[PDB]
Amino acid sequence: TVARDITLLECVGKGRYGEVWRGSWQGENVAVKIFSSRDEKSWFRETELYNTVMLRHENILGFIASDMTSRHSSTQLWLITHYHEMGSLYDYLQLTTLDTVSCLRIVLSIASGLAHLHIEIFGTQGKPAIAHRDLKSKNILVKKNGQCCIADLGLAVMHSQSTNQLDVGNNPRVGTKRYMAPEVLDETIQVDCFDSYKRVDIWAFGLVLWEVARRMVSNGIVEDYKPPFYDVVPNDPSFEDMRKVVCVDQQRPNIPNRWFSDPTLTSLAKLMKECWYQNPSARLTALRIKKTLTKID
């Protein structure tokens, strides 16, 4: 197997998600995600999607292999992918500021990845429609060309127009609380309608757009990197913390005043507000966001 032939060179992250490593396979860099022992169902789902669907796309993390291997005399589940030295968008945004071109390249590349996930393609080229369900800056990697790619399909849900069947999987994991849409926090989400899940991804995308826009220079100024809702919830916020903020108070991230002095940031602000309607049906689609971002400059 690929696992047996990989040399783990450097651990680049460790947390509740397991571990992510830079390794080498046939002397080339690869990324290796080793899952926590509580998260076999996420490994199973990504393995399923990447093996059963045609998911090659510039803005979706490129898959190499998935294996089981033995380490410390116990089973490890490995996902092996392309390695992106620039790391996560979350960490990257904290280390640099962006000009207008770099900002728009990033957010467009993300909407193009998401739109590709969200659409069903037919023919032998095809793929089912896929919703992500845990989109966030930490699940987006930055490439040397300045575009991003979307990772972590362990919560993905799929839909096929042939059978009109929705495939939700059977994973007890839930999305990152900070980025959960009100209808998830409320538990009023229509779990039988595929559109519901795409709408959850759009909310989260709105939040990511906000995170990126803060780091775009206008009039030589920027905001410091902050996570969504940083001013109203603690670190590692609870369901209840988020529900109070999002459902009861109905808060949204504040737009800095300075965005209204810049035409790109005014457009981006309008875009993010249309991702955050409390009413899931009113939110923009990923395709419409992508067309609008193709038009901003």
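Each residue number is its position in the shown sequence, starting from 1. Note that the rigid core is defined as the largest set of C-alphas that superpose within 1.5 Å between two forms.
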| property | result |
| --- | --- |
| Segment of greater CA departure in 6 other deposited structures of this protein, 75 to 83 or 174 to 182, core superposed | 75 to 83 |
| Greater root mean square CA deviation, 240 to 248 compared with 52 to 60 in 6 other deposited structures of this protein, core aligned | 52 to 60 |
| Residue 201 not built in a third or more of the other entries | no |
| At least a third of the other entries leave residue 166 unmodelled | yes |
| 286 to 294 versus 2 to 10 - which carries the larger mean C-alpha B factor in the record | 2 to 10 |
| Average Cα temperature factor in the PDB entry - higher stretch of 180 to 188, 152 to 160 | 180 to 188 |
| Out of 247, 31, 268, 255, residue topping the C-alpha B-factor column of the entry | 247 |
| Out of 81, 76, 165, 88, residue topping the C-alpha B-factor column of the entry | 165 |
| Position of residue 46 among the chain's modelled residues by C-alpha B-factor, lowest, middle or highest third | lowest |
| Residue 259 - Cα temperature factor, lowest/middle/highest third of chain | middle |
| CA B-factor ranking of residue 59, expressed as a third of its chain | lowest |
| Among modelled residues of the same chain, the CA temperature factor third for residue 175 | middle |
| Third of the chain, ranked by Cα B-factor, where residue 218 sits | lowest |
